[PDB]
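Below is one structure, written out as structure tokens; comments come after it.
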Amino acid sequence: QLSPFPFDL
Amino acid sequence: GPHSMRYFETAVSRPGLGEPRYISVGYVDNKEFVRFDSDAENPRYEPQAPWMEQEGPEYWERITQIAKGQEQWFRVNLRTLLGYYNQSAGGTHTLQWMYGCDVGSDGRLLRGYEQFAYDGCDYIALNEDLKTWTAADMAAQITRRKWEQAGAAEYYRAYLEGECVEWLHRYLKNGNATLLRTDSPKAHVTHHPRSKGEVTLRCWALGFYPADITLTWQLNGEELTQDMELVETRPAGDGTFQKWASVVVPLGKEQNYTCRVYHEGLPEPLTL
Amino acid sequence: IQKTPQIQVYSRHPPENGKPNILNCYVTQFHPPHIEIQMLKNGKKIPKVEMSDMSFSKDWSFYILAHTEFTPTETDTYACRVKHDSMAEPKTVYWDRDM
Ligand SMILES: *[C@H]1O[C@H](CO)[C@@H](O[C@H]2O[C@H](CO)[C@@H](O)[C@H](O)[C@H]2NC(C)=O)[C@H](O)[C@H]1NC(C)=O
Ligand SMILES: *[C@H]1O[C@H](CO)[C@@H](O)[C@H](O)[C@H]1NC(C)=O
């Protein structure tokens, strides 16, 4: 279950 | 007992070529069960473990989206960084990411972490409290701050505590009969014709799983832990690994030296 | 930053010349991930190989496991070649039976 990533690094 | 489900997705820069090759992978206790691979004719999250076939397309779709999305993130992102590191658009890079939750046999979560790295050397990582940010250098602290604005620590920590543990609890159930197999190691010793009029006892352990294994050479209860140059626990092939120990010993007196193998899967530790 | 490829070579079982075995060539600590591997035998590039478990440990080091279908013969001698940016020219590891 891979989670999403909004906050661009 | 306790467990860990972690994901290690990476991105390699191919500026001139046309697109980075973001590749994701997933583990449950050192065991790989899903891998993505943005260079394949058809990007698809294929099952590694056997126990992941029994899910369905309902779950195999819901995933490949998260996939392509982060693909964007690893792309968009990776680029901003050559700006930060004032590096001309050409030098291959590697943005990495790892995450997951560790659950105690009891049931509750024990610890969770998230980490990013750009070309190896650390760039930033969430602290234990799941609220703080350990930015690495000046160009990375830039991000620590920005993330505290939107609340990176409350968003990620959210996924950690519930869902990561949630799905974990699902995986283990689905693949219980396979995942908990503890293959015990096989005893083996060896002596070599070394030119010094010496011998070399090689304590060989094969086909074992898990890999966390203790192995030493003895001499009357006290352990010859200094002269025993051994290997780095390496993957045999099928799934069970192996390890070996070395102690250079002259003839005749050899019979006195011994080996010992400790491992989670034996009823009584082994002395050879 | 670059970390140099640690090469380990070994069989899948104790060798008794004859029996169809699986000769591996495990790598570790190379980085960046772009590495060239070559399986050998007396210099004739072994045609059939493998590429499995391309992942990374927490140390941000990418690795692999390559293996051919070698067959032990006391007179011959195997090896494993590998290229990786973090070094001038390719290193070569000729396999030692009891390791
Ligand atoms: C591991 O597989 C299942 C799932 O972890 C274990 O079953 C336990 O949990 C079930 C609910 O999911 C209960 O309904 C069962 O009563 C309970 N025990 C059994 C025997 O199903 C199972 O024990 C484990 N199997 C092994 C071989 O350890
Ligand atoms: C490279 O850019 C400047 C030179 O123009 C240099 O001083 C600096 O240390 C580098 N970039 C950053 C963000 O520090």
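FYI, residue positions are counted from 1 along the chain as it appears here.
According to its header, the structure was obtained by X-ray crystallography, 3.1 Å.
Including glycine, each Cβ sits where the backbone N, Cα and C put it.
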For the disulfide involving B:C164, grab the partner from B:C101, B:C259 as Swiss-Prot records it.
-> B:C101
Number of Cβ atoms other than its own within 10 Å, given for B:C164 (disulfide bond) = 25
When each of the recorded positions B:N86, B:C101, B:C164, B:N176, B:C203, B:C259 is checked against chain A, which show a C-beta distance below 8 angstroms?
-> B:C164
Under a threshold of 6 Å between Cβ and any atom of ligand 1, which of the recorded positions B:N86, B:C101, B:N176, B:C203, B:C259 are retained?
-> B:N176
Considering only the recorded positions B:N86, B:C101, B:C164, B:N176, B:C203, B:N256, which possess a Cβ situated under 6 angstroms from at least one atom of ligand 2?
-> B:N86
Of the recorded positions listed here (B:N86, B:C101, B:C164, B:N176), which is spatially closest to B:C259 (disulfide bond) when Cα positions are compared?
-> B:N176
Quick one: of the disulfide-bonded residues B:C101, B:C164, B:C203, which has its CA closest to the CA of B:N256 (N-linked glycosylation site)?
-> B:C203
